[PDB]
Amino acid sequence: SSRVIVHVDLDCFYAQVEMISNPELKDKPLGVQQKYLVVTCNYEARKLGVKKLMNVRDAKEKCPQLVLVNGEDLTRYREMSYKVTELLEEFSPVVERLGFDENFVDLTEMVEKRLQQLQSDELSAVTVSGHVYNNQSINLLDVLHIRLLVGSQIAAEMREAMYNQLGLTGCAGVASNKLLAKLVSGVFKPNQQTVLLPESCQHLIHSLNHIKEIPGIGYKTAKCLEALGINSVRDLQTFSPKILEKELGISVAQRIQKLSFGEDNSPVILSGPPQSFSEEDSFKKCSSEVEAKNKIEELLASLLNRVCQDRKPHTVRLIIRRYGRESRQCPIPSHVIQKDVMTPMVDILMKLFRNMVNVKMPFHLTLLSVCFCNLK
């Protein structure tokens, strides 16, 4: 029937993890730097012009007093990421990750259990925790309203637990599907939560200013819709189903058009241990086989540290970039799957390397990544 989903979204995640490590950064404007980029900054610096993924020189040209911290190494953020997911998994076991700082949790069964605990007395004392989207009025006789309020109380417990137990703040959105939870969780930022009652749903989706803002509609699909005279959510709502299939495929079409009406029936899928783990690095230039081999050696070494834990990988891939992506994989021989070990691994990779780049020709590499997948 009607679900109750929460979407949890950590405030300035990398910045926030750095500030926890020393508050000498907190209260001071702060950017987290990767290569020539500040990828994220604290709010104490966001109001001073600093934007996410902003060029590091333009970031100084709007704030020369910002503290820069190098967050090229994801290790600490990743460990924090799973601590968050695991805490949420305590509430209900089916938690879906999206990147390092977002989780969906299906609160439906939990919402039911709590209501069954209540008497017909306390069913009228129930209150909302956090903002109601659009200041819509609650109607306690509306059983959908009552379930969504209970969901907002659970969302508040989640947020409180994350803070008491891990020191992290985040936003939460409670709604009836995954699309809507995610759209509404950002209505009040940072460190706040908002709940979407059913009658405000159209208000929510029409609140958007371009189709590119609908999660599921990425870089290419946007540029495609934009080339059919489709700019607004309503343009996509009202556009012809038949034509739309012809440019995107009956799959993309019928899904994104449904999204345009705030409709999303995709289940919250339990993420669990990952399906892959890699190590990446980019650079301005790399046109040798010795340079490449050396970079590749570092990536494998860090990867190998992570390769312990839960279980073992039975495939390896190598990714390069030109001047887009090009990969080459192959499986990892039996005896190799026992944890030197670098030596034959480096050989596999370099053979994979040579397979895809002419090592006696000019070649200009701007990225290198080593991936372990197919985990058993």
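We number the residues from 1 along the sequence you see. Rigid core (definition): largest C-alpha set, two forms, superposition within 1.5 Å.
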| property | result |
| --- | --- |
| Which of 240 to 248 and 258 to 266 strays further in 9 other deposited structures of this protein - Cα RMS after rigid core alignment | 240 to 248 |
| Rigid core superposition result in 9 other deposited structures of this protein, more deviant of 179 to 187, 287 to 295 by Cα | 287 to 295 |
| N358 left out of the model in a third or more of other PDB entries | yes |
| Coordinates absent for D347 in a third or more of other entries | no |
| Unresolved deposited residues lying between neighbours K339 and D340 | 4 to 9 |
| Between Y36 and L37 - deposited residues without coordinates, as a size class | none |
| Which of 66 to 74 and 23 to 31 has higher mean CA B factor, as the PDB entry lists it | 23 to 31 |
| Average Cα temperature factor in the PDB entry - higher stretch of 297 to 305, 104 to 112 | 297 to 305 |
| Top residue by Cα temperature factor, when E247, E279, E199, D264 are compared in the entry | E247 |
| Selection from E213, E160, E122, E86 [criterion: highest C-alpha temperature factor in the record] | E122 |
| Cα B factor band for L367 (lowest, middle or highest third within the chain) | middle |
| Ranked against its chain, the third holding the CA B-factor of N177 | lowest |
| Ranked C-alpha temperature factor of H206 among modelled chain residues, by third | lowest |
| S287 CA temperature factor, ranked by third within the chain | highest |
| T169 - Cα temperature factor, lowest/middle/highest third of chain | lowest |
